[PDB]
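Worksheet for the structure shown next.
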Amino acid sequence: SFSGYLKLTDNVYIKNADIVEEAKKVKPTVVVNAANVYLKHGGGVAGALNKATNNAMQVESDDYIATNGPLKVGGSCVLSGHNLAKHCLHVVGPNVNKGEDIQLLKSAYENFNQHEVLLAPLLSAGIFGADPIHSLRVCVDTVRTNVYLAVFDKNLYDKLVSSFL
């Protein structure tokens, strides 16, 4: 199971870890991907998770988009977890660098409530441009299910823990 996580609340845990390495170790039921509406897994968490699947996540995602069209910002879809997890929950947080509404971050986190336990990154953080401190606050105030947050950046992890209210 999950090890070395710091408990933030009753249901939110956090660790400085590479979510790919965490997923390969734990093999969780659900790994969350920081997806975009097109499921184009180019960079950040998405690029890293996809590379770990040897591009199988991208091939599956392109078939999903060809059938269903793009996701909504704030939405999600459940696809295979490949070699990383049973399932991957692809969640689209708003990308502040694309001028998307930061208010959609709460809607994005609500997708986590459909799963009892998840391994996840902070939505809209990193290359999505939102303040990770704000993302962690929205996470703890929105998600009611058990979420194990993997924060890639060590310095950011220290900042998040030390500023957590």
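Ordering of the structure tokens sets the chain letters (A, B, ...), residue numbers begin anew at 1 in every chain, and ligands are numbered from 1 in the order given.
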DSSP-assigned helix (DSSP H, G or I) members of region 10-133 of chain A, reported as number ranges by chain: A: 19-26, 44-52, 56-68, 96-98, 104-114, 126-128, 132-133
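The shell of residues at most 9 Å from region 136-147 of chain A, with only C-alpha atoms counted and near chain neighbours (fewer than 4 positions) removed, consists of residues 8, 9, 10, 11, 12, 13, 14, 105, 106, 107, 109, 110, 111, 112, 113, 114, 115, 116, 117, 118, 119, 120, 122, 123, 131, 132, 160, 164 and 165 of chain A.
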Output file for the residues above (N, CA and C atoms, as a PDB file, in the first residue's frame):
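As a result, out-v5.pdb now contains:
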```pdb
ATOM      1  N   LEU A   8      -2.564  15.109   5.869  1.00  0.00           N
ATOM      2  CA  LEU A   8      -2.944  16.513   5.959  1.00  0.00           C
ATOM      3  C   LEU A   8      -4.294  16.660   6.626  1.00  0.00           C
ATOM      4  N   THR A   9      -5.241  15.817   6.226  1.00  0.00           N
ATOM      5  CA  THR A   9      -6.591  15.816   6.788  1.00  0.00           C
ATOM      6  C   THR A   9      -7.015  14.340   6.964  1.00  0.00           C
ATOM      7  N   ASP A  10      -8.294  14.124   7.366  1.00  0.00           N
ATOM      8  CA  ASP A  10      -8.868  12.806   7.489  1.00  0.00           C
ATOM      9  C   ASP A  10      -8.682  11.951   6.215  1.00  0.00           C
ATOM     10  N   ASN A  11      -8.744  12.602   5.044  1.00  0.00           N
ATOM     11  CA  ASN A  11      -8.726  11.852   3.787  1.00  0.00           C
ATOM     12  C   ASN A  11      -7.661  12.294   2.794  1.00  0.00           C
ATOM     13  N   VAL A  12      -6.870  13.330   3.096  1.00  0.00           N
ATOM     14  CA  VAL A  12      -5.838  13.800   2.159  1.00  0.00           C
ATOM     15  C   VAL A  12      -4.461  13.551   2.721  1.00  0.00           C
ATOM     16  N   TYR A  13      -3.597  12.928   1.914  1.00  0.00           N
ATOM     17  CA  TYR A  13      -2.220  12.559   2.223  1.00  0.00           C
ATOM     18  C   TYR A  13      -1.308  13.151   1.160  1.00  0.00           C
ATOM     19  N   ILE A  14      -0.048  13.388   1.501  1.00  0.00           N
ATOM     20  CA  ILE A  14       0.873  14.022   0.560  1.00  0.00           C
ATOM     21  C   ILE A  14       2.258  13.465   0.710  1.00  0.00           C
ATOM     22  N   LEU A 105     -11.364  24.580 -11.110  1.00  0.00           N
ATOM     23  CA  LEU A 105     -10.527  23.651 -10.391  1.00  0.00           C
ATOM     24  C   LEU A 105     -11.344  22.838  -9.385  1.00  0.00           C
ATOM     25  N   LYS A 106     -12.358  23.465  -8.741  1.00  0.00           N
ATOM     26  CA  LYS A 106     -13.194  22.711  -7.809  1.00  0.00           C
ATOM     27  C   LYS A 106     -13.975  21.623  -8.552  1.00  0.00           C
ATOM     28  N   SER A 107     -14.549  21.951  -9.721  1.00  0.00           N
ATOM     29  CA  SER A 107     -15.249  20.945 -10.538  1.00  0.00           C
ATOM     30  C   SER A 107     -14.312  19.799 -10.931  1.00  0.00           C
ATOM     31  N   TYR A 109     -11.653  18.695  -9.209  1.00  0.00           N
ATOM     32  CA  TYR A 109     -11.448  17.841  -8.044  1.00  0.00           C
ATOM     33  C   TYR A 109     -12.672  17.002  -7.687  1.00  0.00           C
ATOM     34  N   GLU A 110     -13.887  17.492  -8.010  1.00  0.00           N
ATOM     35  CA  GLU A 110     -15.093  16.704  -7.710  1.00  0.00           C
ATOM     36  C   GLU A 110     -15.101  15.343  -8.391  1.00  0.00           C
ATOM     37  N   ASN A 111     -14.378  15.215  -9.530  1.00  0.00           N
ATOM     38  CA  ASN A 111     -14.291  13.916 -10.180  1.00  0.00           C
ATOM     39  C   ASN A 111     -13.669  12.859  -9.275  1.00  0.00           C
ATOM     40  N   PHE A 112     -12.757  13.291  -8.357  1.00  0.00           N
ATOM     41  CA  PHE A 112     -12.091  12.342  -7.465  1.00  0.00           C
ATOM     42  C   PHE A 112     -13.088  11.646  -6.529  1.00  0.00           C
ATOM     43  N   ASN A 113     -14.215  12.324  -6.227  1.00  0.00           N
ATOM     44  CA  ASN A 113     -15.191  11.766  -5.304  1.00  0.00           C
ATOM     45  C   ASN A 113     -15.881  10.533  -5.814  1.00  0.00           C
ATOM     46  N   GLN A 114     -15.738  10.221  -7.110  1.00  0.00           N
ATOM     47  CA  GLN A 114     -16.318   9.003  -7.653  1.00  0.00           C
ATOM     48  C   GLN A 114     -15.443   7.771  -7.404  1.00  0.00           C
ATOM     49  N   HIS A 115     -14.288   7.921  -6.717  1.00  0.00           N
ATOM     50  CA  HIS A 115     -13.367   6.828  -6.502  1.00  0.00           C
ATOM     51  C   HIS A 115     -12.973   6.809  -5.052  1.00  0.00           C
ATOM     52  N   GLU A 116     -13.048   5.636  -4.421  1.00  0.00           N
ATOM     53  CA  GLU A 116     -12.745   5.526  -2.994  1.00  0.00           C
ATOM     54  C   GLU A 116     -11.340   5.918  -2.632  1.00  0.00           C
ATOM     55  N   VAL A 117     -10.365   5.562  -3.476  1.00  0.00           N
ATOM     56  CA  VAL A 117      -8.986   5.900  -3.210  1.00  0.00           C
ATOM     57  C   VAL A 117      -8.272   6.198  -4.515  1.00  0.00           C
ATOM     58  N   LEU A 118      -7.438   7.231  -4.500  1.00  0.00           N
ATOM     59  CA  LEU A 118      -6.710   7.626  -5.704  1.00  0.00           C
ATOM     60  C   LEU A 118      -5.304   8.038  -5.368  1.00  0.00           C
ATOM     61  N   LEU A 119      -4.387   7.794  -6.311  1.00  0.00           N
ATOM     62  CA  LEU A 119      -3.042   8.348  -6.322  1.00  0.00           C
ATOM     63  C   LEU A 119      -3.171   9.518  -7.309  1.00  0.00           C
ATOM     64  N   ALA A 120      -2.796  10.744  -6.919  1.00  0.00           N
ATOM     65  CA  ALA A 120      -3.045  11.888  -7.787  1.00  0.00           C
ATOM     66  C   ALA A 120      -2.015  12.957  -7.703  1.00  0.00           C
ATOM     67  N   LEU A 122      -1.421  17.319  -7.878  1.00  0.00           N
ATOM     68  CA  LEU A 122      -2.196  18.517  -7.632  1.00  0.00           C
ATOM     69  C   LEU A 122      -2.706  19.035  -8.964  1.00  0.00           C
ATOM     70  N   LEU A 123      -4.023  19.139  -9.107  1.00  0.00           N
ATOM     71  CA  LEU A 123      -4.586  19.581 -10.382  1.00  0.00           C
ATOM     72  C   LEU A 123      -4.278  21.022 -10.657  1.00  0.00           C
ATOM     73  N   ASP A 131      -1.583  28.275  -8.821  1.00  0.00           N
ATOM     74  CA  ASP A 131      -0.823  28.271  -7.591  1.00  0.00           C
ATOM     75  C   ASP A 131      -1.041  26.916  -6.923  1.00  0.00           C
ATOM     76  N   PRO A 132       0.016  26.119  -6.730  1.00  0.00           N
ATOM     77  CA  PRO A 132      -0.159  24.803  -6.104  1.00  0.00           C
ATOM     78  C   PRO A 132      -0.686  24.872  -4.674  1.00  0.00           C
ATOM     79  N   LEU A 160       4.563  23.452   0.358  1.00  0.00           N
ATOM     80  CA  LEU A 160       3.171  23.060   0.549  1.00  0.00           C
ATOM     81  C   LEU A 160       2.951  22.591   1.988  1.00  0.00           C
ATOM     82  N   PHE A 164       0.683  24.723   4.843  1.00  0.00           N
ATOM     83  CA  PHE A 164      -0.641  24.104   4.931  1.00  0.00           C
ATOM     84  C   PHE A 164      -1.363  24.548   6.173  1.00  0.00           C
ATOM     85  N   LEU A 165      -2.600  25.019   5.986  1.00  0.00           N
ATOM     86  CA  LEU A 165      -3.394  25.449   7.117  1.00  0.00           C
ATOM     87  C   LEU A 165      -4.290  24.279   7.628  1.00  0.00           C
TER      88      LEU A 165
END
```
Closest of A:43, A:81, A:121, A:74 to residue 93 (chain A) - atom-to-atom distances counting only C-alpha atoms: A:74
Chain A: residues DSSP assigns to strand (DSSP E), reported as a ChimeraX atom specification: /A:6-7,12-16,30-34,76-80,87-91,117-120,146-151
For residue 68 (chain A), list every protein, DNA or RNA residue within 12 Å, evaluated using only C-alpha atoms, and leave out those in the same chain fewer than 6 positions away; present the list as an MDAnalysis selection string. chainID A and resid 37:39 61:62 77
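Closest to residue 51 (chain A) among A:17, A:156, A:84, A:31 is A:84, based on only C-alpha atoms.
Our summary of the geometry notes that CA of residue 157 (chain A) is positioned 25.5 Å from CA of residue 99 (chain A).
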Within 10 Å of residue 124 (chain A) using only C-alpha atoms, minus same-chain residues under 2 positions, as an MDAnalysis selection string: chainID A and resid 34:35 91:97 102 104:105 108 121:122 126:132 134:135
Write the selection just made, keeping N, CA, C and O atoms, as a CSV table (one decimal), in the first residue's frame?
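Produced file result33.csv, reproduced below:
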```csv
chain,number,residue,atom,x,y,z
A,34,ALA,N,-3.2,14.4,-15.0
A,34,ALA,CA,-3.4,15.8,-15.2
A,34,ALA,C,-3.5,16.0,-16.7
A,34,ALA,O,-2.6,16.4,-17.4
A,35,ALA,N,-4.7,15.7,-17.2
A,35,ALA,CA,-5.0,15.7,-18.6
A,35,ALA,C,-5.4,17.0,-19.2
A,35,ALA,O,-5.8,17.9,-18.5
A,91,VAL,N,-8.2,13.7,-15.5
A,91,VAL,CA,-9.0,14.8,-15.1
A,91,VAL,C,-8.4,16.1,-15.7
A,91,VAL,O,-7.2,16.3,-15.7
A,92,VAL,N,-9.3,16.9,-16.2
A,92,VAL,CA,-8.8,18.2,-16.8
A,92,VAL,C,-9.0,19.4,-15.9
A,92,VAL,O,-10.2,19.8,-15.6
A,93,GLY,N,-8.0,19.8,-15.3
A,93,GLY,CA,-8.0,21.0,-14.5
A,93,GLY,C,-7.8,22.2,-15.4
A,93,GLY,O,-7.3,22.0,-16.5
A,94,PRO,N,-8.3,23.4,-15.0
A,94,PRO,CA,-8.1,24.6,-15.9
A,94,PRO,C,-6.6,24.9,-16.0
A,94,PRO,O,-5.8,24.7,-15.1
A,95,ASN,N,-6.2,25.3,-17.2
A,95,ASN,CA,-4.8,25.6,-17.5
A,95,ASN,C,-4.9,27.1,-17.5
A,95,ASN,O,-5.4,27.8,-18.4
A,96,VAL,N,-4.3,27.7,-16.5
A,96,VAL,CA,-4.2,29.2,-16.4
A,96,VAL,C,-3.3,29.8,-17.5
A,96,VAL,O,-3.6,30.9,-17.9
A,97,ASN,N,-2.3,29.0,-18.0
A,97,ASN,CA,-1.5,29.5,-19.1
A,97,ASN,C,-2.2,29.5,-20.5
A,97,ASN,O,-1.8,30.2,-21.4
A,102,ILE,N,-10.0,29.5,-13.4
A,102,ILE,CA,-9.5,28.9,-12.2
A,102,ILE,C,-10.7,28.3,-11.3
A,102,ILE,O,-10.5,27.4,-10.6
A,104,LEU,N,-13.0,26.5,-12.3
A,104,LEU,CA,-13.2,25.1,-12.7
A,104,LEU,C,-12.3,24.1,-11.9
A,104,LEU,O,-12.5,22.9,-12.1
A,105,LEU,N,-11.4,24.6,-11.1
A,105,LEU,CA,-10.5,23.7,-10.4
A,105,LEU,C,-11.3,22.8,-9.4
A,105,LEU,O,-11.1,21.6,-9.2
A,108,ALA,N,-13.1,20.1,-11.3
A,108,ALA,CA,-12.1,19.1,-11.6
A,108,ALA,C,-11.8,18.1,-10.4
A,108,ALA,O,-11.9,16.9,-10.6
A,121,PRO,N,-1.9,13.8,-8.7
A,121,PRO,CA,-1.1,15.0,-8.6
A,121,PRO,C,-2.0,16.2,-8.2
A,121,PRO,O,-3.2,16.0,-8.2
A,122,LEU,N,-1.4,17.3,-7.9
A,122,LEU,CA,-2.2,18.5,-7.6
A,122,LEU,C,-2.7,19.0,-9.0
A,122,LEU,O,-1.9,19.3,-9.9
A,126,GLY,N,2.0,22.9,-11.6
A,126,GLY,CA,3.1,22.7,-12.6
A,126,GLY,C,2.8,23.5,-13.8
A,126,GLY,O,2.4,24.7,-13.7
A,127,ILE,N,2.9,22.9,-15.0
A,127,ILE,CA,2.8,23.6,-16.3
A,127,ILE,C,1.3,24.1,-16.6
A,127,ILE,O,1.1,24.8,-17.5
A,128,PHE,N,0.4,23.7,-15.7
A,128,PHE,CA,-1.0,24.2,-15.9
A,128,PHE,C,-1.1,25.7,-15.3
A,128,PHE,O,-2.1,26.3,-15.5
A,129,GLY,N,-0.1,26.1,-14.6
A,129,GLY,CA,0.0,27.5,-14.2
A,129,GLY,C,-0.7,28.0,-13.0
A,129,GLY,O,-0.6,29.2,-12.7
A,130,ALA,N,-1.5,27.1,-12.3
A,130,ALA,CA,-2.2,27.6,-11.1
A,130,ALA,C,-1.2,27.5,-9.9
A,130,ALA,O,-0.2,26.9,-9.9
A,131,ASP,N,-1.6,28.3,-8.8
A,131,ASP,CA,-0.8,28.3,-7.6
A,131,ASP,C,-1.0,26.9,-6.9
A,131,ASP,O,-2.2,26.6,-6.6
A,132,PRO,N,0.0,26.1,-6.7
A,132,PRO,CA,-0.2,24.8,-6.1
A,132,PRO,C,-0.7,24.9,-4.7
A,132,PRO,O,-1.4,23.9,-4.2
A,134,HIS,N,-3.0,27.0,-3.7
A,134,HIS,CA,-4.4,27.1,-3.9
A,134,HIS,C,-5.0,25.7,-4.4
A,134,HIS,O,-6.0,25.3,-3.9
A,135,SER,N,-4.3,25.0,-5.2
A,135,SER,CA,-4.8,23.7,-5.7
A,135,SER,C,-4.9,22.7,-4.5
A,135,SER,O,-5.9,22.0,-4.4
```
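Here CA of residue 154 (chain A) and CA of residue 98 (chain A) stand 25.8 Å from one another.
Between CA of residue 73 (chain A) and CA of residue 44 (chain A) lies a distance of 17.1 Å.
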